[PDB]
Number of protein chains: 2
Amino acid sequence: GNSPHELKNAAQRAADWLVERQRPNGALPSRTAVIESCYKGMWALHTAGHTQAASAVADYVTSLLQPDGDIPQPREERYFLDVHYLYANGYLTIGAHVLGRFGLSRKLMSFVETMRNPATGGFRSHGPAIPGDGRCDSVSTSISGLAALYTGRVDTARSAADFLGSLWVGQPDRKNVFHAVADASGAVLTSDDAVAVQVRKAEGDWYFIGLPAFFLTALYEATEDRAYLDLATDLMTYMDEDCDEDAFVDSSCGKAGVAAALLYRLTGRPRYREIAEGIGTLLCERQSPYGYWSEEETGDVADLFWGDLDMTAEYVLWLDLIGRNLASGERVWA
Amino acid sequence: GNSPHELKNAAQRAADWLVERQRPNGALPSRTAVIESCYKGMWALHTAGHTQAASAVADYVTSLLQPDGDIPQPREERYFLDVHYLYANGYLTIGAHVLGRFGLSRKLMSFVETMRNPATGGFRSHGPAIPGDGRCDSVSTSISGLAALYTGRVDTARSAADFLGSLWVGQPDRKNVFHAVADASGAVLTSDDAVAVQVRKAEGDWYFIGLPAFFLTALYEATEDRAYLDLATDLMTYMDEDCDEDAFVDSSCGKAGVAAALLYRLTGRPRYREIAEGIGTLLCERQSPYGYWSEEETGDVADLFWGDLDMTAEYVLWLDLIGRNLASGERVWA
Ligand SMILES: *[C@@H](O)[C@@H](C[C@H](O)[C@H](O)CO)NC(C)=O
Ligand SMILES: *[C@@H](O)[C@@H](C[C@H](O)[C@H](O)CO)NC(C)=O
């Protein structure tokens with residue numbers, strides 16, 4: 001595979017591509033003005049050293065911030081309304097905090113906490129303005145727990161991990177389907193309108209497993225509580241041995257790649273290095289010659305569909321995180 | 001005056017210089033192997049986007065970590081023994097946390113908090129192996145408060161601010177001297193052996209005032225409590241109007257520059273922009289063409305004495321922080 005330096009080089013070229021096209025108000029170059037086009041922008045650009053561009057995204061995000069600490073608009077994609085509303089808020093919180101925008105991160109994180117279910121520790125899938133039944137999903141919960149870790153709200157993160165453990169233990173038929181959603185009481189939801197990963201098919205949505213694995217590994221690093229490492233380990237084993245090969249190939253495999261790279265640094269287990277290396281190389285090989293990522297776009301374009309802009313920022317982050325955990329893991333274990 | 005982009009470009013040249021000379025275990029190229037040569041390295045290199053190099057510093061720091069969460073050795077400079085012991089620990093905590101090394105940041109910050117005076121909110125000036133009288137100083141307290149902000153221990157940060165307010169109110173002769181130390185009871189220490197800035201002379205040590213100003217501004221950003229903004233602006237106006245011109249010229253003026261840049265973004269007051277621009281430009285002007293900063297050396301050296309290496313990482317950080325707060329302040333206020 002490719003070396004940590006090569007993975008980082010790919011991330012930097014994509015970051016440069018984004019910053020060259022950033023708008024004067026700080027928005028990233030999306031064909032639609034929606035928060036789901038740039039929610040990873042602060043954190044990704046900061047990791048690439050583009051701190052003025054990252055702070056410009058913070059300025060743009062601050063201009064959207066409502067008195068309750070939410071960014072309810074502009075939102076268009078249904079997954080950011082009633083599947084995992086808080087997916088945007090979680091990365092916004094992390095990016096703001098690492099930038100030292102402590103007022104923005106406090107306000108964002110305090111809103112995120114209002115959508116926690118205090119009975120289960122899960123985080124509600126649908127936003128305040130979106131009618132729903134109080135269901136909570138693995139992605140809202142994992143990203144909110146990760147934002148809790150970055151902002152030092154470790155008890156909130158521990159509670160999120162409790163929910164993930166209940167969701168995992170409660171699976172009715174895990175060898176065929178991962179039901180990523182629970183009802184407001186914590187029972188796993190199997191209705192057709194609830195996210196379900198067909199683990200024996202090559203149809204994506206693997207990040208509903210991979211993001212929990214990454215969060216739980218970071219929580220273990222923060223706490224040294226082996227219960228969290230055990231659950232992250234079980235989820236990685238699930239993806240590696242019970243899931244279709246698409247789990248480490250689909251566009252959403254970066255989350256599992258990052259979890260694997262962190263688990264390698266913490267445990268030294270070579271399978272984790274192999275998983276992270278393979279995913280990092282795959283993402284590197286799919287990069288356009290210009291710097292962005294897209295499964296369809298092939299030209300020298302000035303902007304991107306929101307999903308490709310999000311993917312481009314996401315892969316800046318995943319390649320950086322994989323690269324630094326592989327490099328330090330090699331120093332520690334090899 | 002240099003533009004925010006130019007300040008950042010200077011930081012990046014220095015960061016490249018450091019990374020090119022980094023040692024295989026992650027230590028930075030110091031002529032002596034001491035923690036005071038590299039304590040700002042994790043945070044500085046991360047801000048520059050050199051996350052693998054920053055993680056390598058974290059690996060080195062982790063290998064020195066003792067069971068109590070301290071790094072008592074290697075230390076040689078007396079200021080890092082009995083004047084502001086925790087100055088090293090504070091930057092290590094911040095750099096570890098921003099990298100997501102949550103076990104490292106938890107352990108470092110927990111040790112820092114064992115040195116807090118629960119009656120005054122100050123942090124003890126002398127480390128565990130160093131005898132002393134329990135005195136607490138403004139630099140130990142402000143960097144520990146900033147580390148508390150980054151790790152989410154906001155009550156600790158508020159207590160640190162209380163100590164700084166008491167120190168400021170209790171000054172017996174602020175026109176001539178800033179007494180930066182209080183005894184274990186919280187009373188300002190005026191004895192011959194306690195750090196004191198000669199504010200009407202050009203003799204340095206201005207960061208005993210400038211770092212509190214930076215920390216208090218960050219705490220105001222985190223809480224919106226105008227009491228902290230008022231104290232921060234008291235300190236800035238003190239340095240601007242009552243202190244020697246050296247306060248904005250000495251090698252330690254970068255802390256005040258960062259405080260001014262943040263105050264400009266938060267308040268729009270043009271004088272703060274002027275102070276930050278002036279300090280940023282002065283630091284850029286002093287940079288070696290080869291990328292480092294040094295009090296005495298010029299030309300293409302392979303390494304630096306610890307104080308110059310510390311100053312080089314420090315100015316990566318300050319130029320980056322000044323640049324991004326000036327850039328965002330211009331966006332917000334114009
Ligand atoms: C994980 O972030 C996954 C998110 C979804 O694709 C978003 O809803 C659209 O960007 N990312 C990828 C690249 O699959
Ligand atoms: C503030 O960090 C100041 C610290 C003192 O110089 C240290 O005691 C020695 O590095 N930095 C500078 C550049 O003045």
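Of note:
- Reachable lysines from B:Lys175, criterion Cα separation under 16 angstrom, eight or more residues apart if same chain: B:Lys201
- Charge dipole of the protein assembly as shown about the Cα centre (unit charges at C-beta), most positive-ward option of B:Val177, A:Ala161, A:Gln287: A:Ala161
- When B:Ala202 is represented by a point 7 angstrom out along its Cα-to-C-beta vector, the spacings to that point in the other copies are 7.3 nm, nearest first.
- Max mean-square fluctuation residue, GNM over chain B, Cα-Cα springs under 10 Å, options B:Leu86, B:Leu319, B:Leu229: B:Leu229
- Among A:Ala14, A:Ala119, A:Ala160: highest mean-square fluctuation, GNM of chain A, C-alpha pairs under 10 Å: A:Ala119
- Taken residue by residue and averaged, Cβ atoms of other chains lying within 10 Å of the Cβ of B:315-328 number 3.
- Cβ-defined net charge surrounding B:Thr267, 12 Å radius [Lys, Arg +1; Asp, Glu -1]: +3
- Assigned charges on the beta-carbon of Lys, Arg, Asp, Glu; chain A dipole about Cα centre (debye): 1060 debye
- Overall form of the stretch B:8-113 per C-alpha gyration tensor (a/c, 1.5; a/b vs b/c): prolate
- Overall Cα dimensions of the protein assembly as shown, principal axis frame, Å, largest first: 76, 51, 50
- Oblate is the label for the stretch B:115-222, because the ratio a/c of its alpha-carbon gyration tensor axes (a ≥ b ≥ c) is 1.5 or higher and a/b is not greater than b/c.
- Subset of A:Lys8/B:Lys107; A:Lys8/A:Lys255; A:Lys8/A:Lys107; A:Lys8/B:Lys255 violating a 21 Å alpha-carbon distance limit: A:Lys8/B:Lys107; A:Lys8/A:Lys107; A:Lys8/B:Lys255
- Cα gyration tensor category, rounded, prolate or oblate, for the stretch A:176-334 with a/c compared to 1.5: oblate
- Note on chain A: with a GNM built from Cα contacts shorter than 10 Å, the maximum mean-square fluctuation among A:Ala194, A:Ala11, A:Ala96 falls on A:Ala194.
- Per-pair calculated FRET efficiency, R0 = 30 Å: A:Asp133 and A:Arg200 via Cβ, rounded to 0.05: 0.60
- Within the stretch A:168-276, GluC sites (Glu not before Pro) in DSSP loop having at most 16 other beta-carbon neighbours inside 10 Å: A:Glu203, A:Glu224
- Per residue, the convex hull around the alpha carbon atoms of the stretch A:4-333 comes to 118 Å³.
- Among the chymotrypsin sites (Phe, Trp or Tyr not before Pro) found in the stretch B:267-302, those both in a DSSP coil and sparsely packed, with 16 or fewer other Cβ atoms within 10 Å of their Cβ, are B:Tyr290.
- For B:98-111, mean number of other protein chain Cβ atoms within 10 Å: 4
- Evaluated at q = 0.24, 0.25 Å⁻¹, a Debye calculation over the C-alpha positions of the stretch A:181-248 (equal weights, vacuum) places log10 I(q)/I(0) at -1.07, -1.09.
- For the protein assembly as shown, share of DSSP beta bridges that run antiparallel, in % to the nearest 5: 90 percent
- Where both bridge residues fall in the stretch A:4-333, DSSP classifies roughly 90% of the beta bridges as antiparallel.
- Ascending list, in nanometres, of distances separating the A:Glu245 label from those of the other copies (7 Å, Cα toward Cβ): 7.3
- Restricting the stretch A:291-322 to GluC sites (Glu not before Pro) in coil, as DSSP defines it, with at most 16 other Cβ within 10 Å: A:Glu295, A:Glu296, A:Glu297
- Shielding by partners for peptide B:40-48, expressed as the average number of C-beta atoms from other protein chains within 10 Å of each residue's C-beta, is 2.
- Rounded to whole Å, sorted largest first: equivalent-ellipsoid semi-axes of the stretch B:205-291, Cα gyration tensor: 22, 14, 11
- Whole-angstrom gap from the stretch A:105-181 to the stretch A:276-313, using each part's C-alpha centre: 29 Å
Backbone-built Cβ (ideal geometry, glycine too); neighbour counts: all protein chains shown. Every read-out reported here was derived from the displayed coordinates using simple, explicitly stated rules and does not represent laboratory data.
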